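What follows is a set of notes on a single structure, which appears directly below.
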Amino acid sequence: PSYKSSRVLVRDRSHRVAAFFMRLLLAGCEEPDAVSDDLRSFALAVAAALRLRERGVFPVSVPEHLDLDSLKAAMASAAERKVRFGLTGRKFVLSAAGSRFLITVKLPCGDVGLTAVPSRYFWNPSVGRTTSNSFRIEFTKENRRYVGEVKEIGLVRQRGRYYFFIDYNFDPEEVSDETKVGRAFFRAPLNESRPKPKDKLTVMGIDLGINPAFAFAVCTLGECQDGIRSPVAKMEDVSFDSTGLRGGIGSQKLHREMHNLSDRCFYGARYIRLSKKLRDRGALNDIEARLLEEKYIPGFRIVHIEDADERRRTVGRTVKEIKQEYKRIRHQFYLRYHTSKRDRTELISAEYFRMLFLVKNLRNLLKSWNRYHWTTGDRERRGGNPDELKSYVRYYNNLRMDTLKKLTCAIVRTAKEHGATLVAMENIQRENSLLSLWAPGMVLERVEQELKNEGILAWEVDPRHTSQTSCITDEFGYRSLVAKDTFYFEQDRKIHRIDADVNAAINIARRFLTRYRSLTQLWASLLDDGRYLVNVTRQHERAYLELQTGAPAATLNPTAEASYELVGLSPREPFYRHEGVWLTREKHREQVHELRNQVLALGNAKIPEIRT
RNA sequence: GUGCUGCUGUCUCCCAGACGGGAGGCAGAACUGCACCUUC
DNA sequence: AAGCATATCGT
DNA sequence: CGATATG
């Protein structure tokens with residue numbers, strides 16, 4: 001089934017027995033060795049229970065007379081490893097009054113009426129018992145009234161606080177068979193044959209980043225009015241009507257301050273390492289002394305003192321200033337939700353990632369300064385500090401999780417608003433990137449799971465040359481390095497520019513809808529006589545060679561203008577397509593550099609910008 | 001409920017030691033904001 | 001590894 | 001509808 005969980009708090013033996021159950025399953029048994037094999041089989045199974053009682057060793061003495069139910073419940077809990085209360089453990093009666101729950105555990109001694117602290121997850125809940133041994137909860141996590149079914153409850157104790165896990169089933173939104181057939185059609189290579197969707201679906205091309213948290217483009221099959229036209233496999237062209245950029249920088253000053261402080265904390269650790277070398281060794285190597293003066297001093301924004309005694313004092317003053325600036329930045333980041341800026345605060349912004357990078361850099365700087373004392377041979381000790389920078393780590397993990405949840409919610413919202421039912425995302429599996437903050441697959445897994453729960457199917461497209469190829473001419477352009485938000489291409493021999501993220505979003509959507517009709521790069525090797533044999537590993541390359549040459553293999557034969565061509569063969573060096581001539585690696589880079597030189601002389605003022 | 005997520009006063013513990021940093025406990029002031037399958 | 005179903009006897 | 005017992 002599909003499950004969702006949240007906790008409620010109840011304020012005013014089951015563990016004594018849960019711990020006993022865990023230990024018993026792992027480890028009255030007067031001669032445990034003599035019955036070791038059976039015990040092991042039963043514990044591993046958690047029919048065995050029936051066999052154990054026949055042996056006459058299965059009855060035991062529970063820490064606290066749990067009679068039955070509670071007993072079996074805790075047993076199953078330890079197994080799975082939550083003192084559970086089932087309705088088919090001791091039965092419970094979950095009701096709701098006002099804005100809070102009321103759990104009534106039916107213990108053998110009597111009824112235990114427990115009121116729960118009003119949660120903002122199960123806000124304003126309504127509970128009605130069903131005929132299927134369940135409770136139908138209706139709550140508010142807008143005023144969307146989420147619905148769930150509760151059949152089992154669990155009790156735990158954290159820091160002397162008792163918590164109830166309301167693990168409830170829910171029904172994901174209905175997904176049409178047209179969406180499934182359309183995904184099957186569009187995901188398949190051109191070699192295979194799949195039925196057409198035969199419906200007017202909606203496709204959302206998505207590019208993921210950190211500064212533009214994500215950008216999207218929307219297309220509707222069989223509906224082309226105005227926008228960047230894209231071919232569709234075996235159908236008519238479609239126009240990307242809604243193209244947008246979500247996320248982004250909230251306030252420029254805050255982003256700049258986080259970047260500056262992250263750089264300062266990045267260089268501080270290396271500066272104190274070099275100062276520790278200077279205080280101990282007394283001299284530096286040629287590279288380090290050049291590195292310290294040229295890079296570390298202007299980076300840490302410190303004044304280099306020759307005296308080693310007051311060098312530590314200057315370093316401590318600098319670290320105090322760094323911490324004061326960090327506290328100011330954190331307070332300004334907190335105030336986005338507690339001023340008149342409540343309305344203009346975005347769901348997700350570029351500061352959610354800059355703050356994480358700053359937290360990591362400051363953690364490193366503080367961990368380095370705290371160990372400024374150590375000298376030759378101190379190293380690390382089994383003990384020392386058992387909770388060093390615990391608050392920092394807690395904040396980093398909590399902010400990471402919250403950023404992931406808010407990004408997933410933003411993506412899902414944007415997909416639902418635009419009516420999309422198919423979402424082509426970029427396969428980020430294939431610093432200043434989403435990686436080094438999360439696992440490459442974790443973000444994708446979360447996003448597709450939430451989209452599926454909302455009834456939207458998602459597919460990962462190969463993200464190769466999407467940010468370097470124009471979405472109109474389907475040719476290589478210039479991605480500006482001074483400003484990474486402008487992508488320069490040529491059209492009718494006139495240089496145009498576009499947003500470099502909606503460009504990649506449209507390229508992702510185009511690759512999805514055209515079923516990878518065109519490839520911008522081919523891997524080949526030189527056999528002899530200037531003939532570059534094409535290396536075919538992916539099925540997409542096999543389909544591409546069939547459509548252009550006519551055979552599942554081909555070679556690059558040279559021409560006069562340092563270019564190549566596809567021929568085809570009857571039965572490892574990159575090559576970039578360019579204008580149908582398959583320029584080699586060096587010539588492709590030369591062409592890109594020529595484009596960059598041409599666009600730098602022209603000036604962006606005379607370069608028109610297309611709709612975005 | 002869990003976080004985003006902090007401020008002020010005061011107190012305790014630790015590492016340098018006399019420039020500073022890291023765990024936490026209470027008491028207050030402001031805020032009605034966003035998101036959340038937890039659990040192992 | 002987890003976060004229940006049916007089935008009939010007896011009263 | 002309660003008491004087990006097993007899909």
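Tabulated data
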{"item": "Fewest-first ranking of A:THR314, A:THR376, A:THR179, using other Cβ atoms within 10 Å as the exposure measure", "result": "A:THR376, A:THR314, A:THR179"}
{"item": "Shape call, chain A: gyration tensor on alpha carbons, a/c limit 1.5", "result": "oblate"}
{"item": "Overall form of the stretch A:3-169 per C-alpha gyration tensor (a/c, 1.5; a/b vs b/c)", "result": "prolate"}
{"item": "³J(HN,Hα), Karplus 6.51/-1.76/1.60, whole Hz, each residue of the stretch A:29-43, x for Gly, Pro", "result": "6, 5, 10, x, 5, 5, 10, 5, 5, 4, 3, 5, 5, 4, 4"}
{"item": "FRET efficiency, A:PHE170 to A:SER525 (Cβ-Cβ, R0 45 Å, nearest 0.05)", "result": "0.25"}
{"item": "Per-residue Cβ neighbour rank within 10 angstrom, fewest leading, A:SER433, A:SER340", "result": "A:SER340, A:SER433"}
{"item": "Per-residue Cβ neighbour rank within 10 angstrom, fewest leading, A:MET75, A:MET401, A:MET235, A:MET425", "result": "A:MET401, A:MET235, A:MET75, A:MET425"}
{"item": "Computed FRET value (nearest 0.05) for A:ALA601 with A:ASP474, which takes r as the C-beta separation and R₀ as 22 Å", "result": "0.30"}
{"item": "Separation of the A:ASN211 and A:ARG517 label points, Cα + 7 Å toward Cβ, nm", "result": "3.3"}
{"item": "Cα-based equivalent ellipsoid, the stretch A:446-558: semi-axes from gyration tensor eigenvalues, Å", "result": "29, 23, 12"}
{"item": "Farthest positive-ward along chain A dipole, Cα basis, beta-carbon charges - from A:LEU366, A:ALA560, A:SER14", "result": "A:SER14"}
{"item": "Förster-model FRET efficiency, 51 Å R0, A:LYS484 and A:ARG53, C-beta, rounded to 0.05", "result": "0.15"}
{"item": "A:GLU590 versus A:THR375: modelled label distance in nm, points set 7 Å from Cα along the beta carbon direction", "result": "6.2"}
{"item": "Label-zone membership for the stretch A:493-530, site A:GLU417, 7 angstrom Cα→C-beta point, backbone N under 20 Å", "result": "A:499-506, A:509"}
{"item": "Paramagnetic reach from A:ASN427 (point 7 Å along Cα→Cβ, amide N under 15 Å) across the stretch A:498-519", "result": "A:508-509, A:511-513, A:515-517, A:519"}
{"item": "Cross-link partners of A:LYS198 among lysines (Cα-Cα below 20 Å; sequence separation of 8 or more within a chain)", "result": "A:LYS180, A:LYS234"}
{"item": "In nm, spacing of pseudo-spin labels at A:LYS198 and A:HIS259 (7 Å Cα→C-beta vector)", "result": "5.4"}
{"item": "Cα gyration tensor category, rounded, prolate or oblate, for the stretch A:126-224 with a/c compared to 1.5", "result": "prolate"}
{"item": "A:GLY247 long-range amide H proximity, modeled H, under 5 Å", "result": "A:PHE214, A:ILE348"}
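Every number in this text was worked out from the coordinates using simple rules, so none of it is lab data. All Cβ positions, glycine included, derive from the backbone under ideal geometry; neighbour counts span all protein chains shown.
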